[PDB]
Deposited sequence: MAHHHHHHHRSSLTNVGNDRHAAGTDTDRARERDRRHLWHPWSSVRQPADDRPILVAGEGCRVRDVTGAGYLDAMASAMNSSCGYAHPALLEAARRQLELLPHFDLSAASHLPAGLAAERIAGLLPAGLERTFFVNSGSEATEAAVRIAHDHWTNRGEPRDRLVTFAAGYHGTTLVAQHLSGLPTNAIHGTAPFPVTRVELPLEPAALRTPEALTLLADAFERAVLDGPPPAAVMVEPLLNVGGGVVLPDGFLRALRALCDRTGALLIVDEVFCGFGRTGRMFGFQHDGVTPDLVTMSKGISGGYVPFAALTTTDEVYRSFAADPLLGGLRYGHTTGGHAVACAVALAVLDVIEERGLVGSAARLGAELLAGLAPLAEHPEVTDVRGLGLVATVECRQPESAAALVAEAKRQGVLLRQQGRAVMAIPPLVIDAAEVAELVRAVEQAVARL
């Protein structure tokens, strides 16, 4: 059986983001923040399954919501019909966002949310009789895996397989991530984005994460998004914030953008929204953007949509996730336990192979000098009983939001033990 399982994987399964050339762990069961492999070895899962297990494994509220809705109605095509969970989820998600962010479109993944967002930005300007094709982004940003999503990024492995479908101006970090959390760095960042925005005709949108995930758990200086909000007002560009990773408590606020206290024009969301239990993603925008689509000549609406976008089970699970977050105070717990986590790890920056320790809420990153060190850190933490996420030179701790104080201490100890062996 173990022979056969390894063999069917080797022969038939194509893994994402992996080389064709140690065996991978086979995970089989989880409970709370712990997960177990096929040999019975147990681990604290400090990568939250796929950076999205906001409520941990086998959460009874999420399980029951899924079961109830699956039995009733898994979905129905929302193009010419509706269902009750889509209405509830659309209302509830709008309710968590600033005034004016009221209109929610559902898709399956963060990449599809990016696809819809970029279409909405371009088409909005067409609808207004003033076409704009250009977007401004971070070079170190990651917005998904489809051609349009990858085109927004300047990360080397995101090189696209065609030619550019529209112009993008990708802003490089003006300092190393370790030095980005100062007032001096805010000035450099704001001015770099001002130059990018004013380089040629006004852009359709500026699209950024509030904390860069795949780009290395990069924490931005206070005021950066506020500076972008001002730039967008001056130029007309839509401010799009990608909350796919930061959304729903990850950083110790309901959304990453709330640390700066800005109101975006469009927000994308996925990951923690459904606890990872059903594929689900969403975007929310303004009534002005929405209503502009009455000018679309071909349909009189947005020419976008997926078969399972707005899946009823996904919507029902998301509502249960939001109930758990609110009932248990997971946003506040993430802030408080997050502070403990970061404080526990911070002294490891004294180690010669550790360049920086940085984070916000329940994302924390140990940046090593080389990827080789990062891989060795991750391997030793695994030996200590803790699963972490490697991202090039960065090692990231991204636990379920239901993590407790004892488990945070265990996480810190494992990372200390790993750094000692570097």
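Numbering the deposited sequence from 1, one finds several regions with no C-alpha coordinates, namely 1-25, 47-49.
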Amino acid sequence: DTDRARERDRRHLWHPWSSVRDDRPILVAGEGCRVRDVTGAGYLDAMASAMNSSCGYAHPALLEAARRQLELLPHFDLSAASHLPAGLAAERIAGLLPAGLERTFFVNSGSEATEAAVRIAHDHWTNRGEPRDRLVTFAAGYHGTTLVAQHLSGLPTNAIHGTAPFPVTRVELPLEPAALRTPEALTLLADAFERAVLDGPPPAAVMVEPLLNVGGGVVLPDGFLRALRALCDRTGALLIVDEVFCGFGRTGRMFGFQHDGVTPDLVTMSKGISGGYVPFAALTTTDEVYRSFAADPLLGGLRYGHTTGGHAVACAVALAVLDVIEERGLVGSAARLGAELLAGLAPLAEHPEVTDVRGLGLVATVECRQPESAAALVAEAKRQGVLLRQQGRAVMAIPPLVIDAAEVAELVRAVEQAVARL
From here on, numbers count along this sequence of modelled residues.
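Between 261-269 and 194-202, the higher mean Cα B-factor belongs to 194-202.
Note on 40-48 vs 23-31: mean CA B-factor is higher in 23-31. Highest CA B-factor among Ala164, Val136, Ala178, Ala318, as stated in the entry: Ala178. The residue among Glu115, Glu184, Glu209, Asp123 whose C-alpha atom has the highest B-factor in the PDB entry is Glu184. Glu350: CA B factor lies in the highest third for its chain, per the PDB record. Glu243 sits in the lowest third of its chain by CA B factor, as recorded in the PDB entry. Remark: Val402 belongs to the lowest third of its chain, ranked by C-alpha B-factor as recorded. In this PDB entry, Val357 carries a Cα temperature factor that places it within the highest third of its chain's modelled residues. Compared with the other modelled residues of the chain, the Cα B-factor recorded for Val408 ranks in the middle third.
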